[PDB]
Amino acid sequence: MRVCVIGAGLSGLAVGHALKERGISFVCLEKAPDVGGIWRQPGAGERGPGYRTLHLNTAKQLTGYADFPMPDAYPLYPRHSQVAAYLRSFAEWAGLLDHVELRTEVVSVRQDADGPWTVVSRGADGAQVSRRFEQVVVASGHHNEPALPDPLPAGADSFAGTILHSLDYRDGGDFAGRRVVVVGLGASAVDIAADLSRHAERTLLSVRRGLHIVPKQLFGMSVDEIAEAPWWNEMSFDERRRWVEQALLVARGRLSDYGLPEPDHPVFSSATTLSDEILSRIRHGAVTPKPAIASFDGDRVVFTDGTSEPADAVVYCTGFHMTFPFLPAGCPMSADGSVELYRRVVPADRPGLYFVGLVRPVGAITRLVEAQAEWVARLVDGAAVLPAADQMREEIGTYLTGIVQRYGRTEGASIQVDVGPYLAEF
């Protein structure tokens, strides 16, 4: 009755733990046949952002729940199978599954003038049920709808091949002996180009802009334990900026010597993509750097420098869009490309709705959602309160009108934060 949680992923298990530890009645409605979120989906053969060779890029001790450590025989980056098995055994140890409805998809959420929210869910039977709930916590995560190129390049209609997104990619063993263009330079592109390159006959990597490809580790320490190390923090910014530059050139030299465009923005201003494989796949010819895709000329794809290439498939690793389809009201947005959420969680106009996990930090999100979960628990039963509406909107306006200075206008810079001082406020 008290709290309807949408999402049994990492973020929704976390919030369910935090209400349970306060004694608030709640349910997690999850659409998937088990808990775990995206990490469950490779190994269930299901269309999700992950793939079979997906691993963590954050340190296990920094990524597992601070109350429930990951198995110690786990490596610093476990596989998607290892984490999704860790999440479920977490749900077991917290006794949350009795409060979990699996295979139940929230189809709409509406606020009633009395305060409670009516929430209609769809079961495996295709049947729908409508229920009222005192508060609602959104925990559905923002990598849920595939983001395509704004126009598909010309002739895509008659490509005589197979054009897909990172969500529909699974093993690559499905691409054994074929010819694939990977479109992207993000965490999903580098990973998938390298998965092909062991299965594909030829593996191309089309890129539009240069990104700062960085190894998972420097000095033995992963890039996430460095941003918690006292030394790193005790240095300024320009001390850190050239610190990494020297380390990256000593570790991988110049990206231009791999066929990759040089970033138009320096490390810390141009998204970093962490890989320990791609450059060494270029240097062995297993993946071949390309520019943008210009056309689909028959059974081949034509690139912007002029080259042709026979291609049986193209998997677009072009990102994802943040959609919240069950809120007819509109995702908490500003229309300049920005989120409307006091402290990245609370909508100012709607009492009783929280958003857990709609943040993008450097490194693991886990502690951020642990904090968001504990604060939303004391908001529900009144052991914490919020400013007035207008004061909430002043915090949100300082956060916007600020992400333009450390960052800039773009896409989704509005769910972005530092780890340290954000969690300092808890």
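All residue numbers refer to positions in the sequence shown, first residue = 1.
- In this entry, the higher average B-factor at the C-alpha atoms falls on 397-405, of the pair 397-405 and 360-368.
- Between 410-418 and 18-26, it is 410-418 that carries the larger average Cα temperature factor according to the deposited entry.
- Looking only at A124, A73, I282, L205, the residue with the top Cα B factor in the deposited structure is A124.
- Ranking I192, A85, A160, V250 by the C-alpha B-factor listed in the PDB entry places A160 at the top.
- Remark: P116 belongs to the highest third of its chain, ranked by C-alpha B-factor as recorded.
- When all modelled residues of the chain are sorted by CA temperature factor, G382 is found within the lowest third.
- When all modelled residues of the chain are sorted by CA temperature factor, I278 is found within the lowest third.
- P151: CA B factor in the highest third of modelled residues in this chain (values from the PDB entry).
- Remark: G259 belongs to the middle third of its chain, ranked by C-alpha B-factor as recorded.
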